[PDB]
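Participant: Below is the structure I would like to discuss, written out as structure tokens.
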Amino acid sequence: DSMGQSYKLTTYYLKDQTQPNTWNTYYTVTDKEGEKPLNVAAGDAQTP
Amino acid sequence: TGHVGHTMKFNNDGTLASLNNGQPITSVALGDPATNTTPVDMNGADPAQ
Numbered sequence: 546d547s548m549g550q551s552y553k554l555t556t557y558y559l560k561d562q563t564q565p566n567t568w569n570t571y572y573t574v575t576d577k578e579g580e581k582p583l584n585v586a587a588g589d590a591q592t593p
Numbered sequence: 060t061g062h063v064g065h066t067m068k069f070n071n072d073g074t075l076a077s078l079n080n081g082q083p084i085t086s087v088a089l090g091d092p093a094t095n096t097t098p099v100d101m102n103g104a105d106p107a108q
């Protein structure tokens, strides 16, 4: 971060079944409270 | 409760941003009861310090 605190960024890769040659990527940021998902502003991959 | 302090603001890189909204920090007279609700008992010394 700006203050020099280190955080764990976990990137998850999912292979799309509906569309061939398509992959879905998600980001999660891990703090002392747990693993909080990180959302993309204009991403075209959405989950319920 | 009537206790007046000063606010210190800092930037995201950790450096000082502002002090007392840019105003110098001057405290009220220590032993003058007319300016402070809790006068310091200065035992005959200068009350306007």
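In order, the protein sequence lines correspond to chains B and V.
Residue numbers for the first sequence follow our numbering, so the first one is 546 and each next one is one higher.
Residue numbers for the second sequence follow our numbering, so the first one is 60 and each next one is one higher.
C-beta atoms are modelled at their ideal positions from N, C-alpha and C, and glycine is treated no differently.
(1) Can you tell me which of the three DSSP states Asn-569/B falls into?
(2) Helix, strand or coil: how does DSSP classify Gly-81/V here?
(3) Kindly list, in the order they appear in chain V, the residues whose Cβ is closer than 8 Å to that of residue 495/B.
(4) From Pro-98/V to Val-63/V, what distance separates their C-alpha atoms?
(5) Locate the beta strand (DSSP E) running through residue 597/B, then write down its first and last residues.
(6) Using alpha carbons as the reference points, say which of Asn-79/V, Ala-107/V, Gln-82/V and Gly-81/V lies closest to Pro-92/V.
(7) Thinking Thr-573/B and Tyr-557/B are a contact (beta carbons under 8 Å), I'd like their distance in whole angstroms, please.
Facilitator: The relevant details are as follows:
(1) Translated into the one-based positions of the first sequence, residue 569/B becomes position 24. Note: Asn-569/B maps to strand in three-state DSSP.
(2) As a working mapping, residue 81/V is identified with position 22 in the second sequence. Looking at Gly-81/V - three-state DSSP - the assignment turns out to be helix.
(3) Absent from the structure is residue 495/B, since the part of chain B shown begins at 546 and ends at 593.
(4) Taking the first residue of the second sequence as 1, we reach residue 98/V at position 39. Taking the first residue of the second sequence as 1, we reach residue 63/V at position 4. Rounded to the nearest angstrom, the two C-alpha atoms are 14 Å apart.
(5) Lying before the first or after the last residue shown, residue 597/B is absent from chain B, which here runs from 546 to 593.
(6) Taking the first residue of the second sequence as position 1, residue 92/V is located at position 33. Ranking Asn-79/V, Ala-107/V, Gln-82/V and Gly-81/V by Cα distance to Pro-92/V puts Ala-107/V first.
(7) By 1-based counting over the first sequence, the position of residue 573/B is 28. By 1-based counting over the first sequence, the position of residue 557/B is 12. Between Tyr-557/B and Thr-573/B the Cβ distance is about 7 Å, and since that is below 8 Å, they are a contact.
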